[PDB]
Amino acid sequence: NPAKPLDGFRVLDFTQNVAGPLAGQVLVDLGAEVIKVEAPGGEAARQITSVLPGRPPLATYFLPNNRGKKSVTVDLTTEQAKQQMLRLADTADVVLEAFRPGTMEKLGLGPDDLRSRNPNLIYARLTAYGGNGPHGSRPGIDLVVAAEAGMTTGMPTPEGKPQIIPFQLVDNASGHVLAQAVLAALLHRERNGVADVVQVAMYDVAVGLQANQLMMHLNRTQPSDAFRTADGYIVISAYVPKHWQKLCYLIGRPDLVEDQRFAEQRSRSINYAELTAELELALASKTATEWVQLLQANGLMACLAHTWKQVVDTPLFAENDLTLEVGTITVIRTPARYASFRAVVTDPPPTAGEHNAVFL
């Protein structure tokens, strides 16, 4: 019922898989009409399912990021689709595209093709590596882009194998950055009358996520770690003088405050190895849950390293109202929250080509 930021805006979404569609989902949550353009028979990600005992399989990649969207089914190689897409684009505020560089141009749907017809059209491109040269022309997925951008650095594994982060951080981060860039473009148009071309590379996002560590190499705080306890590990960050002193008294080790090895913070960094040893000797007297309870009650930053299975059952997780029901299946909402409207949609994903008679 209440107004949403993007009411009245129409988005043509050519993207597949996760990053581009998440950006589409963010736009939907903000009130835009987002029209998926899929290959005949539907997007391939519709078929990639996970087993749910006693129930139809769950399209774990497709369903969460295409709720409340509309769908047209079209074969982009034929002349008929080209014309339908050109007519559909004349009515659009935004085009979202995530093919590898050069594709849309070969189809006759490039930024120049579409923008010559519609001077108010915002054109947004998401690629793996940028399309700025020969090395950046390649297709990629999360796992390979993450590793090529350096995200395995400094994480030792038992076998000496590079550590591969087991969630799709580059995809999901890229989705939000693209959404950000579309929003900026919409504002640019609204205020200045300029309809822009926007480009986001997953590689650039990944580099950005590691910017501080990368920076030391562009130019030729303890205790803050996980620690053994009597039972399980505890994560503690207490390196600011007030917190550090507080910590030493709380674990029953006042001697550490004035120990010349640990008294100043720089000493804590140089003698970092000795410090974790002293802390773990002291932390041995309680379980991690007990230490977490004690340290938090005294205003120190500490927590358990929860597993995914544990996270979803914590009181904090329940408190933040992070889930929605899609008719039933449970999914996670987009992170940004607003007071004057709810940035969620209850609608299910569209069936493949559901709105062909409506838009073609």
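Residue positions are given as counts along the sequence shown, with the first one as 1.
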Note to self: Can you count the deposited residues that have no coordinates between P53 and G54 and report it as none, 1 to 3, 4 to 9, or 10 or more?
What the structure shows: none
Next item on the list: Quick one: classify how much of the deposited chain lacks coordinates between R220 and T221, choosing none, 1 to 3, 4 to 9, or 10 or more.
Entry: 10 or more
Check: Of the two stretches 259-267 and 278-286, which shows the higher Cα B-factor on average in the entry?
Finding: 259-267
Next item on the list: Would you determine, from the values in the PDB entry, which of 40-48 and 293-301 has the greater average C-alpha temperature factor?
Entry: 40-48
Next item on the list: Specify which of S71, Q210, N172, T78 carries the largest Cα B factor in the deposited PDB entry.
Entry: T78
Next item on the list: Choose from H176, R100, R189, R125 the residue with the greatest Cα B-factor as stated in the PDB record.
Entry: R100
Check: Going by what the PDB entry lists, where does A230 fall on CA B-factor within its chain: lowest, middle or highest third?
Finding: highest
Next item on the list: Determine, from the deposited record, the chain-internal third of the Cα B-factor for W244: lowest, middle or highest.
Entry: middle
Margin query: Please place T346 in the lowest, middle or highest third of its chain according to the CA B-factor in the PDB entry.
Written below: highest
Checklist line | Record-listed C-alpha B factor of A273: chain third | finding: highest
Item checked: Where the record places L214 (Cα B-factor, split into thirds across the chain) -> highest
